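Novice: Following this: a sequence and the matching experimental structure.
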Amino acid sequence: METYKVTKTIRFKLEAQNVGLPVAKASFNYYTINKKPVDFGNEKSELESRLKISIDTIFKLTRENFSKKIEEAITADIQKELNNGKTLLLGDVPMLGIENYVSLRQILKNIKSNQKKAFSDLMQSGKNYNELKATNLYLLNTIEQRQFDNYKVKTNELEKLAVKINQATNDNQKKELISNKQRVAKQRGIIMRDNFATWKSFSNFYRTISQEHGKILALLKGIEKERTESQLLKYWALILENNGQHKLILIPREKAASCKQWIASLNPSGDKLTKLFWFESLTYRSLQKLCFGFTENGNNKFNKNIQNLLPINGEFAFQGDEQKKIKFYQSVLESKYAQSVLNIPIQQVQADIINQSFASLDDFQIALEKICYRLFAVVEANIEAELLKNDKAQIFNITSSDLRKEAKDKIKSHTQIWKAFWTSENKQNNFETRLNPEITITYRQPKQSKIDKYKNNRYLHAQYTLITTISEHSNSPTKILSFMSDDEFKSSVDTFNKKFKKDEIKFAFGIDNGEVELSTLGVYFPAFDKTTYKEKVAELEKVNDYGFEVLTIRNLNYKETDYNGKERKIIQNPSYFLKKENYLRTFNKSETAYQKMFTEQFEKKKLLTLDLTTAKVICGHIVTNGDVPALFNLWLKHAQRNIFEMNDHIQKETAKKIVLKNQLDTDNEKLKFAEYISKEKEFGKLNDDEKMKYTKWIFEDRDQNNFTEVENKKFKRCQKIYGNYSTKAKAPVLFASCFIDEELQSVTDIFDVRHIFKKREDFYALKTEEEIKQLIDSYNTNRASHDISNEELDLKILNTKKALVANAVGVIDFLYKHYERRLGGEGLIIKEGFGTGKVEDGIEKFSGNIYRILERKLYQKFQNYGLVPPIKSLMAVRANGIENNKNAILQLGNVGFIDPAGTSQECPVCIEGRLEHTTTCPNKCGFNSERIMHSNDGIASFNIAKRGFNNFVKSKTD
RNA sequence: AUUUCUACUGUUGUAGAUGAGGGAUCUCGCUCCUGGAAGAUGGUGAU
RNA sequence: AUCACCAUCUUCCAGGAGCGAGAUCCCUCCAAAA
RNA sequence: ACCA
Ligand SMILES: [Mg+2]
Ligand SMILES: [Mg+2]
């Protein structure tokens, strides 16, 4: 479909020849080397109008509710300060320069601080409830005496603990500390955090005010920082091409004036295996700065002339008429003065801009940029030394790994673009791929943690890196988002959604997000929907013509020895067994050997679904088992974090102890865990005798026990973290228990239990069972959270969570291209709209959920094709899910969202039936998922796609 | 062994992904500095 | 036997700054002729 | 919707 301009930041390496922190920044265009700060006059005068507040309108900035007395008290407290003619602001901003101003955020902080100061003194000193009710602490007043006593019991207990600790000796001191920290201080803090209603409400109100202020604080901070970021340009840059390779020349502005003049006299003499390029261009965004930029001061010499062309002054004169603006700009280019100082190609502009007529301003911008962008070329004998002599030019070599290897046709995309920029054909499209006129250089020190311990390596020595920005699709409409109001982004999305047409779409992808399979994919086409069921079943059965072809590894332990005697395993890197050259080179085998190995090790089949947990693209084939290590790394990082966050990390020693286990031993531990898993309601109501049968139900094999209807009545309704915890489960679980007593006798105070790891089958192909030794070294009580630095422990889960998404986006894009080059039309990506309420629950249950990251990476992927609009504030548009509506659909470009109700069990053909088991509908229709889907778990994704398609077309009917 | 990340890894390096810099608000874990309160212990003064 | 004070010491609370993890968010990345 |  029709695209729009897109930007990316690509970088290379530089090798110095003649001479992180910004060592240098440069601009190819010679006329942006003396920049001046942007004209933000409007926004500065507009944001002050949002800062100012009128006292009486404060309480309507929040959803919270305060009684009238508290409202009056707060207003009185603020008025106490607003005397002497001060004016109130939503916050303090030293950059705008306001004075005699009073910050509301500071006052809200102070009235909270003073009261939390007085309340502690009152509670500590030993006053009474009636004394409290007579104080001026209007926030803490009116608490139930029950809470007051609940708090003072802990206070006095703590008091006791204090003097106990002072006269301490020996290991006793360790058992005291924990009892002081773990149970008393934390419980007391939570009591006041989550039970004092007015306190909670005021905390929420202050939070909302603080966030609101922070927004328009960040905006203004960026506005100010732009004023100083734009003074660091000093160099004019050139690219000297030779023998098919580029150099990089930086020349200071002290000499650019003479250097360009000298270069202008060079003779263009074809190709001699050496060229000295230099860029020139003008843009619409710069003409407005030229004409209506800083006009109020009157020193804009471009407005000492040209005024006759004006209607009165200032860009606001045009009132917003596109065709008056177009004509004024054409006249500006038509003026005698403008052509005397500008450097545009007068002939082509005159024959193609001034004389023409444009339908809209977008085309005027496109034509101006298209015709004003030039890439010159000159050549002369040994043209390197004159620069070093006359102009003191610094010189680097631009390089990278892909720019030095023998074979080509297999090269990284970010190098593909740079290779494609210089092609001759690209000069005849008017530079569709554009290299923007500003670039930067950075210098990185070596890692001492690598030097000391140490075989080529990046980090073993310093590096010079070049960062450049490249704009693809330079001849399509532009789109920018700075300073748009929140209500304009939604309108932008709605307008951009109009491009799609009802009969344009031809298929859809449905994606399901579980927790045993982190995600699942399925494909739907309109051809599946025949009239009779007998036709639907047959249409589905033709898997050979619809589904896609996938390879499955047959033996994950297979290994082979290469010529060096080293051994290699298939699981770690299958790409050394699928590609031909790699196998024949490394293992020195013959053609027949390769054919036999390929025919014996890998199975292949065509299906309608998949399982994105481990699928990967290897040498053009989709391997369903090509990415086990990336899943193991995630299931290991989750456990390593969990077993480190349940310790304690105070400086002073403590006796908290924790251990790993395969099963729980003492009934205290089982009773603690069962409580950790169940809902507080329907559990505390559970009889103290049945709390043992519940443990037997959770932790035994369920085969030798005669559990009655109680299981459905009670056990299955109070469980909120589902799973299988038996000893013979498919993926046996591995536990961590925490206590203090030395030997864990049958009567000990265990005060935490959790389930850490899942022993997924086929993890043993990488690591033996004993490699829980790895899961432990990352837990240690003595460690202080402040001390722990990177490169000795790593708690990050972001990278290991982006790895799986990186492997899944490849599969999804490959399938999208495959089907689009067969059906002739674009398709929709459908996933259910959980919103924000359920995303947090999903994170809680596992903490490695991939939903939001996968969505945020699909948006990044599919923008390049021009299929979703630019995104500014994602939470603005949705902020929530789609519930209780089985027809609605939320659309961002080609990415849809729907309600997930009743999708995971309905039969694709019979609808009314339910298909939780046997892979055949109980209604006895012809449906049978044996030869279609990888398992019975894919039926959700299919449905997720199905409902995604039918609804979308339904939206276009009117 | 990489502009950068992940799995490998040296007879041409291999398979997937890649928009980077600086900053704002909030939640959780910790440390140093200054101030307030409760209190343990040796000593000194006093009625 | 009681009351005031000096000094070492324990805990909790408030404010300032810094480190580690997660969530939401923002701006910059093309201008000038004497 | 997440799951012996
Ligand atoms: Mg689902
Ligand atoms: Mg699922």
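Specialist: On my side now, so go ahead. Numbers count the residues shown, from 1 in each chain, chains lettered A, B, ... in the order given. Ligands and ions are numbered 1, 2, ... in the order given.

Novice: all helices of the stretch 1-150 of chain A, in order?
Specialist: Along the stretch 1-150 of chain A, counting by DSSP state H, counting those that start in this stretch, helices occupy A:41-51, A:68-81, A:104-125, A:129-133, A:145-166.

Novice: Please apply the same query to the stretch 801-950 of chain A.
Specialist: So, for the stretch 801-950 of chain A - with DSSP H, counting those that start in this stretch - the helices run A:837-845, A:851-863, A:874-877, A:939-956.

Novice: closest one to ligand 2 among these?
Specialist: helix A:939-956 (6.2 Å; Cβ to the ion). All C-beta atoms are positioned from the backbone trio N, CA, C, and that covers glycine.

Novice: Residue numbers of chain A in contact with RNA strand D?
Specialist: A:512, A:514-517, A:697-698, A:700-702, A:722-726, A:729-730, A:838, A:842, A:845, A:900-905, A:940 (Cβ under 7 Å from any atom of the strand).

Novice: so of these, which ones are in strands?
Specialist: Residues of the residues of chain A next to RNA strand D located in strands (DSSP state E): residue A:512.

Novice: Out of the residues of chain A next to RNA strand D, which are close to ligand 1?
Specialist: A:512, A:940 (Cβ under 5 Å from the ion).

Novice: Can you select the buried ones from the residues of chain A next to RNA strand D in PyMOL?
Specialist: The PyMOL command for the buried members of those (criterion: 16 or more other Cβ atoms under 10 Å) is given here:
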select buried, chain A and resi 512+517+697+698+723+725+726+838+842+900+903+904+940
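
Novice: if we can go back for a sec, CSV for the helices of the stretch 1-150 of chain A, including mean neighbour count?
Specialist: Converted to CSV, these look like this (neighbours: other Cβ atoms under 10 Å):
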stretch, mean neighbour count
helix A:41-51, 13
helix A:68-81, 13
helix A:104-125, 15
helix A:129-133, 13
helix A:145-166, 13
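
Novice: got JSON lines for the ones you listed, with distance to residue A:2 too?
Specialist: Below are the helices of the stretch 1-150 of chain A laid out as JSON lines (distance: least, Cβ to Cβ, whole Å):
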{"stretch": "helix A:41-51", "distance to residue A:2": "31"}
{"stretch": "helix A:68-81", "distance to residue A:2": "54"}
{"stretch": "helix A:104-125", "distance to residue A:2": "47"}
{"stretch": "helix A:129-133", "distance to residue A:2": "69"}
{"stretch": "helix A:145-166", "distance to residue A:2": "63"}
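
Novice: Dump the ones you listed into TSV; add distance to RNA strand B as well.
Specialist: Formatted as TSV, the helices of the stretch 1-150 of chain A follow (distance: least, Cβ to the nearest atom of the strand, whole Å):
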stretch	distance to RNA strand B
helix A:41-51	14
helix A:68-81	18
helix A:104-125	4
helix A:129-133	15
helix A:145-166	5
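
Novice: Quick one, which of those helices gets closest to ligand 2.
Specialist: Ligand 2 sits nearest to helix A:145-166 of all the helices of the stretch 1-150 of chain A, at 43.3 Å, using Cβ to the ion.

Novice: Could you check what's spatially nearest to the residue in the stretch 1-150 of chain A that RNA strand D sits nearest to, not counting adjacent residues?
Specialist: Closest to RNA strand D within the stretch 1-150 of chain A is residue A:63: 25.6 Å, counting by Cβ to the nearest atom of the strand. Nearest non-adjacent residue to residue A:63, counting by Cβ to Cβ, 6 or more residues apart in numbering: residue A:208, 7.7 Å away.
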